[PDB]
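Reading through the structure tokens given below for one structure.
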Amino acid sequence: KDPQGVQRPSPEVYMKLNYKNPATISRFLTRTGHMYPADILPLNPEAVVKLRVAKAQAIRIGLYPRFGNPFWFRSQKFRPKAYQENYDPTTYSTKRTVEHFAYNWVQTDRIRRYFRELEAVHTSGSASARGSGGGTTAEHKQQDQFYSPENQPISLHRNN
Amino acid sequence: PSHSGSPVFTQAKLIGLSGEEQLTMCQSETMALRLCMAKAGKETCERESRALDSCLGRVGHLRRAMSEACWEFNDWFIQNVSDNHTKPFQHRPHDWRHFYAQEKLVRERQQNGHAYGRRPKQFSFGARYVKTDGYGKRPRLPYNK
Amino acid sequence: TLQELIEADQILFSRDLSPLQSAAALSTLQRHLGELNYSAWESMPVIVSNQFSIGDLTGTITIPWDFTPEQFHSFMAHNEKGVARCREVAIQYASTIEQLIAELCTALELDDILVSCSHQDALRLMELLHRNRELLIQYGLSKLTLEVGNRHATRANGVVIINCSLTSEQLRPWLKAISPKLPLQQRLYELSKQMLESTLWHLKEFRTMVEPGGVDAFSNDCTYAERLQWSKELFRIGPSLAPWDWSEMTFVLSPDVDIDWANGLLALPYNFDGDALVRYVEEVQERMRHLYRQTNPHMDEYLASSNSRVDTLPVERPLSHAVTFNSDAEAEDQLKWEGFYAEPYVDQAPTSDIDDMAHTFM
Amino acid sequence: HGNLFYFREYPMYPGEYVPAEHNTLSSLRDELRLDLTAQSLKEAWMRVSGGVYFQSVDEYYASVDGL
Amino acid sequence: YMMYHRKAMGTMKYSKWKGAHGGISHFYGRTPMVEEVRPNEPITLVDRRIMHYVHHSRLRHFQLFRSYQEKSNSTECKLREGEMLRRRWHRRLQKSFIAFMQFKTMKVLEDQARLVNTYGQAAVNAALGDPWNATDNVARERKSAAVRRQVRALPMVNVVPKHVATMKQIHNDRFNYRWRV
Amino acid sequence: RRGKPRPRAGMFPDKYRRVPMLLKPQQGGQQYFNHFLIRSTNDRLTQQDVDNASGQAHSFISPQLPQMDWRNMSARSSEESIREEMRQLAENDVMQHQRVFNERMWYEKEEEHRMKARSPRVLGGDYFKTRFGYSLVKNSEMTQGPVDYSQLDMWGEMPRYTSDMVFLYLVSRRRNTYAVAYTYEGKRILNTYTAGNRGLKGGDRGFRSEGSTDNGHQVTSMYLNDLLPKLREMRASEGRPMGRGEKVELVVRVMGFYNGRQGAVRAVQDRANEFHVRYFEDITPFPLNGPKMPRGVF
Amino acid sequence: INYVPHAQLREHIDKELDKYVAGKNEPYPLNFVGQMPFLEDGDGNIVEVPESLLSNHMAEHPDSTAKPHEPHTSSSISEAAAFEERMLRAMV
């Protein structure tokens, strides 16, 4: 909705974005002390000019280091967090979407597998309850009642 | 498929299959197996192997589903996302000559309409501090000289 | 050194021997028997007895009273292999105990788990806690130092004490009973930690400023408030006692004031008048080599290395690897640097040949 | 067995809504619904008859073997 | 010589390193990253995460590219604009893939709804692992413990690509054997 | 072949393409199938008998009649029952984002429940309009009330230094890697150990593995193992001798983005048996705009 | 807003310098960077250092005595907090 970049920061952050406070400067500054490119973090033009002039003043006076930020860890709370558990529709990355797609597909596969194994268990139990002779038909007892690749085969693979 | 007139060199990177940006799954069991096999112990951890295999048995089906989904995405992309090598490329600086021409026009209009596509002269590393009095230290516009 | 064991009382001394004779043996041993002990018998307690014997309880041996250094060296050389085995098993026991404590402390996000009972039963308790780890997370037992003892009780410093003998059915009522007392324990523990670091800093600053012979505030069982007050008073009076040198005397905490001048002792209470103390101060104003060669034939063919000066040939010490891995990434790094994921191929032609071909082509 | 990884519920798409009067969170320990609906009957069948399902009445008759 | 120059910090008989080290040092004000290493967090993993950050941020690329060799301002602008345009085009391409994956997720959700319709809501919850057999609190506590251990999120950083030292180093930020203009 | 590499076995067709699938492998032992099936039936019958002895293998049907529940029907027909049913209906009619049962949702709600277990006149619109500051408080998104000084001090994240820690510089270059160790005052304890100093530079794997992690690991490990006795003797001469097996406090400072960094840090961790690392820092002179570098080929 | 006059310049300067005198019964005001700098006594001598900078202060130059400054605890704001803190101190 704001591709150009004039949405952030907040007006109070504009007010507080001064040379005296490095905490707010480190919010929109990389770990090494460089400014984020507009492709990554599209700040307002007013925001970027304020940030660069404040950084220059702070470096000249001595309030800010020439490289790095002493508030990178403390600014993480202000920095938005893309939780893996909670999906965001407008994510930049496609992996954060394919993981949720895989999660839903695995849930559906779990449903299908659970019901199919329950069906197999119930059929085996009913056959056992009715009896081997009573339950199995003559054709199954005559032909299907032997070892086969489908019925308890030996290991069909080498290097066992 | 050729988005914006440029063919897609690889579509497997988008999926993440056989690439660095893979998906982490059953990381707890993988960590347990790695720790068990790293420790000296007394025997090979076939139990941890069985746990990991039971966890990852459906990985093959998931990969098949994602591969067929990728094929369907390729079909839809060929259907209507691209132009099949029809439109000019938009991924190189010399395909955006108009934007830089506008930049040069702005600079020229700023500098009294004299110098077009001209940059200020290079200055020494300590030019503003080692040059003596009477010599220009801060570089000027190409028109100002 | 040798006085550290006596001061810490970790050294075990059987009392079946005569008092005066034992005192004489201690007096002569602290003078001449101290040197030959290597840097492992401090961790491995020796039992004084009538005759020398290696074995019995794991990691401990018995040395006889009234023992000459020559006979001690002869006995060590004779039972060189046995002493080495005892040292190895003791080190293995210590490493296993530390690893067992760490695998629980890191998992539970605690600080320290101390023990005071049998380690074999402590292992049972710790493996029970490892099995029931997530129930502790469900409850409010976190970021608390633990002690393993015999009596179910909690200490006022913030730590809690758990009995070694505890089962699964008896654990849940114990957790439900101790749950209401947990929030107090955390605040007590954090306040105790802050006061302890403050008083340790005060003591080290007192040592740096006054340059005395020693400061001892942990000898007596006194509360943290008293200890902090005493440390602050000492730090305050440090500048006033600066012109005088106190390296001959040791400052110690005691409920009674005692100033010795023939001896170097100053015992002070937690609430003492520093200005009054300053006023008081103002008012005052070969065979062995042959034996080793015969008994062990490896020393004559293996060289040693000096621990102080760098020898002309540097030999790398064996590297140490973590016995526990917190992360799968750490385990993978361990395998990679152990070479588990290395191709079993053996190099026959180096990349230098390819590089030389490239250079010649250029 | 469980699941490879656990995520929260997917965001609701525009125009998507759970059907009215449908209890999306109904466990098997819950009380039997008094109404006679397809969902209630399927839940009751699962609860009292096990996990036996059939895609058709012909399948049920084949399983029952000639009734 | 600049600190990032090729012949910087050289070890020679006549070469004496500039600046004071230790405590308050030459890098005291110029250190970009400082991390307090703590027990149970290996320094190898700390370095791995730092290198992964500086690589995925495309910052070591610029550092090496500007440090090792001299490149004209025209060349740097050309490379940066090409990178920006390629990144924008790749974002445009990936938006379509994200949309199609969302559509496939909708199809999967519709199939899940079909399964719900054909099996019953309670049956589907039980298949999803509803604690309907948790007669006592311990039964649900076991699954709570399982999911509690699964929630634990290990660092997702991966191994950084190696640096390839090609002959004459036409490109210095080169990390793969693929040839580039 | 004709002066060519021999193709891999995958290119060759199946070595056993001329044998039936039943031969590979053979499924002999058919005579045992009936015997094992009868044995399985017998033991299953025995287990069923054991289970029946344990409990009861009986099932019955309850013939319920519809007229009996007229009391329930009359109770439900009451106004109060309809009212409470409609209250429940209205409560559940709100927007629901829970499609099916979710383990994440169940775990989160149970965790919140267990955390809970462990633990006049309303202001008017005119008042809100006249209170301009309250409007800013509504969307301030800034800390309100007491604030910890840990988020205000600018040296909290900065390292805490002591006079005893030894600073170990690990420099990694394109074709070289070296480690040096200084004290707090800046004295160089031991001579620098570079790849050329130790001989790794200019040998096999030339121009490729000179800056690799292997050479860096080797040089750093050798430097540490040579420095340790040198550091011990330097402290002993200085008059603050090392304790009985004390951990030497090490401050790692690494520079360079080449391959001679992972090997260095791995060597430090492998030698951490005595070198107790307390702080880790990386230093890099990021170029903004400086003197012209030597010209590249391009 | 009152500008500093020439006549009262020395009094204003003395008050500004004595704003940090390492001893008070009230909390010290924060600087323009919201930090608690070193508490200095008369005649320009650093005598108190905050615990955050204490280690660096003692490492840069040894044998420089400086008691670690502790902010004045708030008791007038809420009496119950004062009683709770005193009870915690007693319980250690």
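Annotations for the structure displayed:
- Output for segment F:270-285, where each listed residue is outside any loop (DSSP other than H, G, I, E, B), within 8 Å of chain E (Cβ to nearest Cβ) and touching a helix residue (DSSP H, G or I) at 6+ places or on another chain (Cβ under 8 Å): F:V277, F:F280, F:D282
- All helices (runs of 4 or more DSSP H) inside segment C:1-93 with 3 or more residues being small (G, A, S): C:19-28
- Selection within segment B:13-45 - assigned to a helix (DSSP H, G or I), in contact with a helix residue (DSSP H, G or I) (Cβ under 8 Å, 6 or more places away or on another chain) and more than 14 Å from chain C (Cβ to nearest Cβ): B:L14, B:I15
- Inter-residue pairs, beta-carbon under 8 Å, first in a loop (DSSP other than H, G, I, E, B) and in segment F:1-14, second of a type in the set (F, W, Y), 6+ apart: none
- Any chance B:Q90 is within 7 Å of another protein chain (Cβ to nearest Cβ), within 30 Å of E:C77 (Cα to Cα) and surrounded by 11 or more Cβ atoms within 10 Å (Cβ to Cβ): yes
- Among the residues listed as E:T166, E:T135, the single one being more than 9 Å from chain D (Cβ to nearest Cβ), hydroxyl-bearing (S, T, Y) and within 30 Å of E:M51 (Cβ to Cβ): E:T166
- Selected residue (only one of C:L100, C:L125 is in contact with a helix residue (DSSP H, G or I) (Cβ under 6 Å, 6 or more places away or on another chain), assigned to a helix (DSSP H, G or I) and surrounded by 18 or more Cβ atoms within 10 Å (Cβ to Cβ)): C:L100
- Qualifying residue in segment C:327-337 (condition: farther than 30 Å from F:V265 by Cβ and among the basic types (K, R)): no
- Scope segment D:18-38; condition charged (D, E, K, R) and out of contact with any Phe, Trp or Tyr (no Cβ under 7 Å at 6 or more places or on another chain); matching residues: D:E21, D:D30, D:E31, D:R33, D:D35
- Whether a residue is among the β-branched types (V, I, T) and within 7 Å of another protein chain (Cβ to nearest Cβ) was assessed, and F:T143 does not pass this test.
- Check on C:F251, crowded, with 18+ Cβ neighbours inside 10 Å, among the aromatic types (F, W, Y) and touching a strand residue (DSSP E or B) at 6+ places or on another chain (Cβ under 6 Å): yes
Every residue, every condition in (1) loosely packed, with under 14 Cβ neighbours inside 10 Å; (2) of a type in the set (A, V, I, L, M); (3) assigned to a helix (DSSP H, G or I), yes or no:
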site: F:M86; (1), (2), (3): yes, yes, yes
site: F:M95; (1), (2), (3): yes, yes, no
site: F:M105; (1), (2), (3): no, yes, yes
site: F:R121; (1), (2), (3): yes, no, no
site: F:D126; (1), (2), (3): yes, no, yes
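- For segment A:1-16, the set of residues classified as surrounded by fewer than 20 Cβ atoms within 10 Å (Cβ to Cβ) and in a loop (DSSP other than H, G, I, E, B) consists of A:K1, A:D2, A:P3, A:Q4, A:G5, A:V6, A:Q7, A:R8, A:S10, listed by residue number.
- Scanning segment F:207-236 for residues that are hydroxyl-bearing (S, T, Y) and more than 9 Å from chain C (Cβ to nearest Cβ) gives F:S212, F:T213, F:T220, F:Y223.
- Residues that are within 11 Å of another protein chain (Cβ to nearest Cβ), in a loop (DSSP other than H, G, I, E, B) and under 22 Å from G:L88 (Cβ atoms), drawn from segment C:195-240: C:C222, C:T223
- Among the residues making up segment C:189-243, those that are among the basic types (K, R) and either more than 26 Å from the chain's Cα centre (by Cα) or surrounded by fewer than 19 Cβ atoms within 10 Å (Cβ to Cβ) (or both) are C:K193, C:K204, C:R207, C:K232, C:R236.
- Any hit, segment A:99-116, residues being farther than 30 Å from D:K42 by Cβ and in a helix (DSSP H, G or I): yes
- Entry remark, segment A:132-160: residues being within 7 Å of chain F (Cβ to nearest Cβ), part of a loop (DSSP other than H, G, I, E, B) and under 21 Å from D:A62 (Cβ atoms) number 1 in total.
- Number of positions in segment D:1-19 that are touching a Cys at 6+ places or on another chain (Cβ under 9 Å) and either more than 7 Å from every other protein chain (Cβ to nearest Cβ) or of a type in the set (G, A, S) (or both): 1
- Residue-level analysis places C:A177 outside the set of residues that are more than 21 Å from the chain's Cα centre (by Cα), part of a loop (DSSP other than H, G, I, E, B) and exposed (fewer than 14 other Cβ atoms within 10 Å of the Cβ).
- Applying the set (1) in contact with an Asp or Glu (Cβ under 8 Å, 6 or more places away or on another chain); (2) farther than 25 Å from G:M87 by Cβ to C:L253 leaves exactly one unmet item: (2).
- If you go through segment G:61-92 and keep only what is more than 14 Å from chain C (Cβ to nearest Cβ) and either in contact with an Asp or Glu (Cβ under 9 Å, 6 or more places away or on another chain) or over 21 Å from C:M195 (Cβ atoms) (or both), you end up with G:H72, G:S75, G:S76, G:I77, G:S78, G:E79, G:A80.
- Qualifying position, being within 8 Å of chain F (Cβ to nearest Cβ) and either part of a loop (DSSP other than H, G, I, E, B) or under 26 Å from E:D47 (Cβ atoms) (or both), among C:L319, C:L313, C:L303, C:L335: C:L319
- Per the listing C:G149, C:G82, C:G140, the residue uniquely out of contact with any strand residue (DSSP E or B) (no Cβ under 7 Å at 6 or more places or on another chain) and of a type outside the set (S, T, Y) is C:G140.
- Number of the condition not met by D:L36 [criteria: (1) part of a loop (DSSP other than H, G, I, E, B); (2) more than 30 Å from E:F103 (Cβ to Cβ); (3) within 10 Å of another protein chain (Cβ to nearest Cβ)]: (3)
- Total residues in segment E:114-139, condition in a helix (DSSP H, G or I) and surrounded by 17 or more Cβ atoms within 10 Å (Cβ to Cβ): 11
- D:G50, sole failed condition from (1) within 11 Å of chain A (Cβ to nearest Cβ); (2) loosely packed, with under 13 Cβ neighbours inside 10 Å; (3) small (G, A, S): (2)
- Single residue of segment E:58-95 satisfying the filter (part of a helix (DSSP H, G or I), hydroxyl-bearing (S, T, Y) and surrounded by fewer than 17 Cβ atoms within 10 Å (Cβ to Cβ)) that is farthest from the chain's Cα centre (by Cα): E:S74
- So B:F9, is it more than 14 Å from chain C (Cβ to nearest Cβ) and not in a helix (DSSP H, G or I): yes
- Tallying residues that are touching a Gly at 6+ places or on another chain (Cβ under 7 Å) and within 15 Å of B:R140 (Cα to Cα) within segment B:82-129 yields 0.
We place every Cβ from the backbone using ideal geometry, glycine too, and count neighbours over all the protein chains shown. Rule-based calculations on the coordinates, nothing more; no lab input.
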